[PDB]
Structures are given as C-alpha cells and as structure tokens.
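Fold and geometry: a report
Okay, here's what each chain looks like letter by letter:
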Amino acid sequence: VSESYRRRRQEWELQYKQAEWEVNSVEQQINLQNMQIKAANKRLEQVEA
Amino acid sequence: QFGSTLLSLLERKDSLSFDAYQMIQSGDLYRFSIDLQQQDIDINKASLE
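Listed as the method for this PDB entry is cryo-EM; the listed resolution is 6.43 Å.

What follows is the structure in structure tokens.
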C-alpha cells in the first residue's frame, strides 16, 4: 500500500505544474491587446486630422 | 486681352494652389502612419515570444 500515496500525489503535482505553464502562457493575450488598443487609439489620428 | 489673360492665369494659380496645399499638407500621411507596420511587427513578434 505504501506506493498508493506516491501514485495519487503525482497526478496532482503534475497538474500544478500544468497550471504553472498555463499561467505563463496567457500573458500573450494581455500584451497583444495592449498593443492593439494603443495602436487603434492612435489610428483615430488619421480621421480627426 | 488683359482681362482674359489675368483670368486664365489666376485660375491656374488657384487650381494649382489647391492641389498644392493638398499635396504638401496631406503628405504627412506616411510619417503619421508609420506605426501601421512599425508596431504590428512587434505584434507578430510577441506571438512566438
């Protein structure tokens, strides 16, 4: 029975590691849209000018 | 002859000066719109980054 502990442990441990890289990943959308919003805001220059 | 002359040439000045203002003043467009590519390049770079 002593191995059952390690077995149950490891899937949770790896899922936490999964969450780690996933949170690393999602930063992309934040900076992508930061660029999008600022550029689009500047784009109004062409119209108003 | 004076009348006709001045008329024609002044109308020339007018027309050319219209397009003159248009061309000289609106020519700022490319510098103004440099960001169009100058930041979308970073947009695409950030993807793989």
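Regarding its fold elements, chain A presents 1 helix and 0 strands. Overall, chain A is about 75 × 10 × 5 Å in size when its C-alpha atoms are taken along their principal axes.

What follows concerns the overall build of chain B. On a plain count of helices and strands, chain B comes out with 4 helices and 0 strands. Starting at the N terminus and ending at the C terminus, chain B contains elements arranged as α-α-α-α. The principal-axis extent of the C-alpha atoms belonging to chain B is close to 75 × 10 × 5 Å.

Conventions used here
- Residues numbered from 1 in each chain as written, not as in the entry; some residues may be left out.
- Chains lettered and ligands numbered in written order.
- Part of a larger assembly, values for the part shown.
- Heavy atoms only, no water.
- Residues with missing side-chain atoms left out of burial classes, pairs and counts.
- Helix = DSSP H or I, 4+ residues; strand = E, 2+ residues; numbered from the N terminus.

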